[PDB]
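Hydrogens, waters and symmetry mates play no part in the numbers below; they use all other heavy atoms, side chains included. In what follows, chains carry the letters A, B, and so on, assigned in the order in which the sequence lines appear, proteins first and then strands, with residues in each chain numbered from 1.
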Amino acid sequence: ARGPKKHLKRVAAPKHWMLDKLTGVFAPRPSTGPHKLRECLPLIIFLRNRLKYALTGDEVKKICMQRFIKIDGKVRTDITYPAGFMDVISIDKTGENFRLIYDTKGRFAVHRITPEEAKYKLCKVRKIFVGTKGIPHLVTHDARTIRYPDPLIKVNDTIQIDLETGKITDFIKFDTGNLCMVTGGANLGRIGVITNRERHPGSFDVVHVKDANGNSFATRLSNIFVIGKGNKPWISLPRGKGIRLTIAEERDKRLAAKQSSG
Amino acid sequence: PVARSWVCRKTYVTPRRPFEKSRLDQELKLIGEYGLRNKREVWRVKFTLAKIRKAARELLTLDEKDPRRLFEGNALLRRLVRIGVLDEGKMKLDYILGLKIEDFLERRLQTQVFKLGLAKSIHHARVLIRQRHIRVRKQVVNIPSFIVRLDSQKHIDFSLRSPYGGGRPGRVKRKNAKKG
Amino acid sequence: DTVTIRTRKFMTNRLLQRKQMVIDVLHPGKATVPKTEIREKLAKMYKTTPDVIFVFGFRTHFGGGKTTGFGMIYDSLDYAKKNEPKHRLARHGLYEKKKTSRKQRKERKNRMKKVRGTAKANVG
RNA sequence: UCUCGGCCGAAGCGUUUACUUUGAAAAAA
RNA sequence: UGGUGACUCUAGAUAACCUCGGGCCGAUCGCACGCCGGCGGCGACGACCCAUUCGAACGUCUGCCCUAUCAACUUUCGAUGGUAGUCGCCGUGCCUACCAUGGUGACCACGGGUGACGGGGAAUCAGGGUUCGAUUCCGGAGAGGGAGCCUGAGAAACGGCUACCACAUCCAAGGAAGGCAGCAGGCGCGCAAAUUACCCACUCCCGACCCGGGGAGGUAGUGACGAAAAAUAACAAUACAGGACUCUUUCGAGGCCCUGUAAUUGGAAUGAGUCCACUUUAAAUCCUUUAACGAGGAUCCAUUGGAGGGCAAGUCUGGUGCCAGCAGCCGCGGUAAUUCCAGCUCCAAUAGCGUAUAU
RNA sequence: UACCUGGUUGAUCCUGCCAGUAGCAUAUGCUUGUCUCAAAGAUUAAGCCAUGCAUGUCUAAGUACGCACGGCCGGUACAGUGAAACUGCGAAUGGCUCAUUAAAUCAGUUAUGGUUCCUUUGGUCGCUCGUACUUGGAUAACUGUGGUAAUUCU
């Protein structure tokens, strides 16, 4: 191929989009943006497939071009705009806010948040560097550069960002015992307390996490996102609290619900 | 590139030996008792039972306290119980291999229509089903191979529009009465 | 009487100035209910006017029991003309498509490609 | 753990592979 | 200052340079308007530079078919390495100059062949395996065959250009224009494969764009590639034989006992079909739904193979007479042929079945 | 379902292959009522192509002096739609095909601390000590004259 590619085949689309096969040949090729192609939800998928506010891409385009959608406090009219982890979607016309938080199955669950929590987000800093007359700069997962960060912030820490101003209001250090959530791999969507971090120089450091119920798992360092200090998350969590249920437990819960169903 | 799907699966297998007296006699006996159109229906039910048995053997080769064995075996047993093929108490993977094609041919809509006092004969049952005289719960079922579930057994009425259940005279009766 | 309407799913959808729903119509012994009849029954049911009611995609289940489709109730006819597909408006008579086929348009465009300036306006 | 060790206060290869078991990472169809 | 496992990293300070082929530091556009000349809110567009996204390009480790009637290969015209440079977006024999003589090989190098694009995968399969993968997803490559370029962020682009080769089109003979391995369609090749249809309504993509375009795609047409479901009848009373808890001398009867040439007799049931109205959908169609008509030889008429064995089903009848033919194999046919040609009968699958070939 | 059967002999037991047997994929013959899904010029010729279409694009926000229309009425800087043209962007995506191609492509793995990166997103953008109440020249479109048998030539 010459130059970039602009299409995304439907089967080649990320599985967590929960797209079906017979609707079309193509999937919404996410626009370039703060989040990677495979770790993002396009605005069209969220507005049509998840919220059912629209039936086609035409109605999604109408909704977006009426300027009703604000991702991280700013209006976006791109139907394929990539909204990613921790992004805050605000629809003031319907007066509702969502935070893109991974389901325990690895999918962006529709998670409604209160308007007060909609004013801030959490960002994991990706890199820190001194530049241009000694000003410290910090780059997070949302690809936003913040100058003059707190000197106590390091890589893999997670800052709290005020969406209106874009400034850091607090931060959490990457330390053992802090709450964390997995943003990639097999354990994607799981929430637990960091227990230890085995370092492999020249390679990927492995972080061990322990579930609230006591199920221990492991992940790479790049797939860990610190969520709160201790066992107190700084954000609201989905209906599942990050606990992965084994298929036996899922079946048992579903059968118990059917026993008391109406 | 097309939005179409191509996953299509053949539902039967032809026997290895085409002309053996024992197999031919048994297949024709099954067709006779259950009023099936041809041999492919027997082969289809045999393929269904064979796939079920293969799954049961696979699961039985695993450890008793194996999460995959437990989950898949419970799913298979519940499925076989729900269609009434297995007894409610015979819920072990060993009782799967003890099943026969009779247990599956007994659950067809043809057999259930014939055995619920809805049809005079099993061929009458097939002719009734294929002519939209039979309904299950609320849906007018028309396919005689419909494998009715256990909770679906108690609701097999005679439709609400069929001459036998809905009271509207059919074409023949209407034409005959209109000249009398 | 013999034809009933019940809207299973229902959302207020303030974003497109409409309420959308799935219509289940019960017509136990009749043909598929015409869209106009479903529209007027919906208008009576939701205390509005029939001109802002847009129904589509009515599939009748096997055996003749019920038909299932989709319906929209716009807040006004202006919002209806603003947020509806052109063909759904053309069903109500509120839109008129072009009177030329794709072949004519494509051939005219490719003929225009061969001329320059205002002469492009003088092609067939 | 060896610079001894955060309610009595940490060894978790401080001589190697195969093998075996585990974990991570690994498109969809 | 900060960071990495690790820098000749980032940042800071010096002493200078700064390509007319500057390299940045806005002479741009819309909307709404408010204070004492000025001050301003919300945007759009643009511009270095750093991140980010989308990638691209290059390297690492491990893994591809058959061939020795291919055993030595590379090293003149870079072959392996080192030094310096050139070029390049950068690492690099990528290319030079100088130096060293290296590098690969039975653990199969090198050469040849491939009806070889690779993979995810497909068929078959007890456990192993064998074979296939042009083909809708990923990666690669190409646009008749080579080569060279322009623009741009990205192309060695071909629905861009330049040239040569092979074809080919128009010409007033001076010149000019080409590239369907895009969608249709045509010729040719062959055993072998569909419409010169409708639409951007869906899925997405592109653009200055809520508005335009898209043979990408969708929808129809041809379609026994293949796969799923599935009609071609069901019931009853009768002439008949058949069958049974009973006694009987063979009947009676068994009809919530059951078979059949029954082209008997009946009423029921119904969809194949033709027409309606919807429904479907950009218009259509097709299903689905509602009507009207529509079955007794229910003529609304099921076929393809076979009947010696293997292997299911006739050494019945007529004809032929080692002929014509059947026969995958064994064999049949030479004047009573179970085997050919036909009639009848049967049986295997059944809207499917036979044959050829590959596996 | 982890299977065999016929054929060398006067007869037997073997080795052994031939033939049978069941899928599968192409072709082909006969036949064909319903309905759903669905492949389809790959194999030989990456052979040759008539014709038509397949890539274009404007918002309130680059340039409006085409009366082509046209207003609240006028001696009105530009009312407003607005073809054309200049400008910007895209045309390097998609689609097709499998001829090349044998550690080459490709797959898993890892690296770029050895590079480039339109676009999106965030940051930076009076950090420079030396007509601005806005500079200049064109060129389209438009008018007008032409050449050529001939073209999206000019």
Side-chain angles (χ1 to χ4, degrees), chain A residues 1-13 15 21 23-29 31-37 56-57 61-62 65-66 78 82 127-134 136-137 139 142-147 166 185-186 196 198 201-202 204 206 218-220, chain B residues 1-6 8-11 14-19 21 24 37-39 50 120-121 123-124 127-128 130-133 143 145 163 170-173 176, chain C residues 27 29-34 57-62 64 67 85-87 90 97 101-103 106-107 110 113-118 120-121:
Chain A
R2 322 165 254 152
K5 274 167 166 265
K6 322 196 178 183
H7 294 74
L8 181 60
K9 289 299 171 58
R10 204 148 180 103
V11 286
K15 184 94 216 138
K21 320 197 307 184
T23 307
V25 170
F26 296 100
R29 167 75 159 211
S31 306
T32 45
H35 298 277
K36 296 186 149 283
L37 193 145
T56 52
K61 168 220 69 191
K62 289 163 174 306
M65 206 81 21
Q66 256 163 138
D78 211 88
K127 78 197 288 178
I128 293 198
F129 65 97
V130 168
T132 313
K133 267 67 174 287
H137 293 270
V139 181
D142 205 297
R144 47 150 59 76
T145 312
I146 307 178
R147 71 205 309 235
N196 86 272
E198 31 163 329
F204 312 102
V206 180
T219 326
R220 278 174 172 184
Chain B
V2 280
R4 302 183 258 241
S5 145
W6 312 326
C8 55
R9 157 185 320 245
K10 153 171 306 176
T11 51
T14 78
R16 197 200 214 116
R17 276 128 154 63
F19 326 109
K21 265 101 74 158
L24 273 38
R37 192 195 336 129
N38 53 342
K39 302 270 174 157
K120 307 201 75 279
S121 152
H123 312 261
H124 185 61
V127 139
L128 279 187
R130 274 308 289 183
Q131 290 156 357
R132 282 135 68 79
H133 290 295
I143 295 312
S145 57
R171 142 165 61 141
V172 166
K173 160 156 285 328
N176 283 7
Chain C
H27 56 126
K30 332 188 52 196
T32 73
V33 185
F58 279 106
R59 308 318 263 267
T60 301
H61 300 174
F62 182 85
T67 307
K86 295 308 178 178
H87 70 276
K97 225 159 154 213
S101 88
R102 248 169 50 108
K103 265 288 179 201
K106 289 167 171 307
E107 280 215 17
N110 287 0
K113 277 208 268 174
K114 268 151 120 205
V115 280
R116 180 114 169 128
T118 45
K120 274 151 91 303

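- Using a cut-off of 5.5 Å between ring centres and 30° between planes, the six-membered base rings of E/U74 and E/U75 qualify as stacked.
- Checking E/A269, F/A38, F/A111 against every side-chain atom of B/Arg4, the shortest atom distance belongs to F/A38.
- Here the closest non-hydrogen pair linking A/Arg29 and A/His7 is NH1-O, 3.2 Å.
- Nucleotide E/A272 forms no Watson-Crick or G-U wobble pair with any nucleotide shown, as no partner meets the under 3.5 Å limit on both distances.
- Base orientation of F/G123: anti, the glycosidic angle falling outside 90° of 0.
- Of the candidate nucleotides E/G271, E/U289, E/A268, E/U289 has the atom lying nearest to any side-chain atom of C/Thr32.
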Check: protein-nucleotides 194-202 of chain E nitrogen or oxygen pairs below 3.5 Å:
{"from": "E/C199", "atom 1": "OP1", "to": "C/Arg102", "atom 2": "N", "distance (Å)": "3.4"}
{"from": "E/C199", "atom 1": "OP2", "to": "C/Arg102", "atom 2": "N", "distance (Å)": "3.3"}
{"from": "E/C199", "atom 1": "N4", "to": "C/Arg102", "atom 2": "NH2", "distance (Å)": "3.2"}
{"from": "E/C200", "atom 1": "OP2", "to": "C/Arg105", "atom 2": "NH1", "distance (Å)": "3.4"}
{"from": "E/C200", "atom 1": "OP2", "to": "C/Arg105", "atom 2": "NH2", "distance (Å)": "2.4"}

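- For B/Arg16 and F/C4, the shortest distance from a side-chain N or O to OP1 or OP2 is not below 4.0 Å.
- A positive value of the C1'-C2'-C3'-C4' torsion places the sugar of D/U17 in the northern pucker family.
- When the nucleotides E/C137, D/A28, E/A269 are ranked by their closest atom to the side chain of A/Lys9, E/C137 comes out on top.
- Between B/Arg37 and E/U350, a side-chain N or O to OP1/OP2 separation shorter than 4.0 Å is absent.
- Nucleotide F/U148 has no partner under the Watson-Crick or G-U criteria, as no pair reaches both atom distances under 3.5 Å.
- For the pair B/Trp6 and E/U136, the criterion of a side-chain N or O lying under 4.0 Å from OP1 or OP2 is not met.
- For the pair C/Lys30 and E/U290, the criterion of a side-chain N or O lying under 4.0 Å from OP1 or OP2 is not met.
- Listed nucleotides: F/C86, E/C235, E/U203. Nearest to the side chain of A/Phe26: E/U203.
- Stacking of the bases of E/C340 and E/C341 is indicated, with six-membered ring centres separated by less than 5.5 Å and ring planes inclined by less than 30°.
- Nearest nucleotide to the C/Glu107 side chain, out of E/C210, F/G52, F/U21: F/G52.
- Distances were taken from every side-chain heavy atom of B/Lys173 (C-beta onward) to each of D/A24, E/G218, E/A269; the shortest belongs to E/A269.
- An OP1 or OP2 oxygen of E/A295 is reached within less than 4.0 angstrom by a side-chain nitrogen or oxygen of B/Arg171.
- Checked against E/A312, E/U288, E/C204, the side chain of B/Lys21 finds its nearest nucleotide in E/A312.
- Taking 4.0 angstrom as the limit, B/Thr14 places none of its side-chain polar atoms (N or O) nearer than this to OP1 or OP2 of E/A349.
- Partner assigned to E/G40 is E/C33, using Watson-Crick or G-U wobble distances below 3.5 angstrom.
- Among the nucleotides F/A54, E/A312, E/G218, the one closest to any side-chain atom of C/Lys106 is F/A54.
- When the side-chain nitrogen and oxygen atoms of B/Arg132 are compared with OP1 and OP2 of E/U289, one or more of them lie within a distance under 4.0 Å.
- Remark: B/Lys120 is not in phosphate contact with E/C235, judged by side-chain N or O atoms under 4.0 Å from OP1 or OP2.
- Dashed line: the shortest gap from a side-chain N or O of A/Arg10 to OP1 or OP2 of E/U203 is not under 4.0 Å.
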Would you list the protein and nucleotides 149-154 of chain F atom pairs, both N or O, that sit under 3.5 Å from each other?
{"from": "F/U152", "atom 1": "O4'", "to": "C/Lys114", "atom 2": "O", "distance (Å)": "3.3"}

Contacts under 3.5 Å, N or O only, protein and nucleotides 49-56 of chain E:
{"from": "E/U53", "atom 1": "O4'", "to": "A/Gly33", "atom 2": "O", "distance (Å)": "2.9"}
{"from": "E/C54", "atom 1": "OP1", "to": "A/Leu37", "atom 2": "N", "distance (Å)": "3.0"}
{"from": "E/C54", "atom 1": "OP2", "to": "A/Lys36", "atom 2": "NZ", "distance (Å)": "3.1"}
{"from": "E/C54", "atom 1": "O2'", "to": "A/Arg29", "atom 2": "NH2", "distance (Å)": "3.3"}

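- Nearest nucleotide to the C/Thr118 side chain, out of E/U203, E/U288, F/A83: F/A83.
- Nucleotide E/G91 carries a north sugar; the sign of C1'-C2'-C3'-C4' is positive.
- The pairing partner recorded for E/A236 is E/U265, the criterion being a Watson-Crick or G-U wobble arrangement whose two distances lie under 3.5 angstrom.
- When both pairing distances are held under 3.5 Å, E/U151 makes no Watson-Crick or G-U pair with any nucleotide shown.
- Between A/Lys6 and the phosphate of E/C205, there is no side-chain N or O to OP1/OP2 separation shorter than 4.0 Å.
- A positive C1'-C2'-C3'-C4' angle places the sugar of F/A83 in the north (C3'-endo) family.
- With rounding to whole Å, B/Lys10 atom NZ is found 8 Å from E/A227 atom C1'.
- The side chain of B/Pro163 lies closest to E/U270, out of E/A268, E/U270, E/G217.
- The phosphate of E/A348 (OP1 or OP2) has no side-chain N or O of B/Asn38 nearer than 4.0 angstrom.
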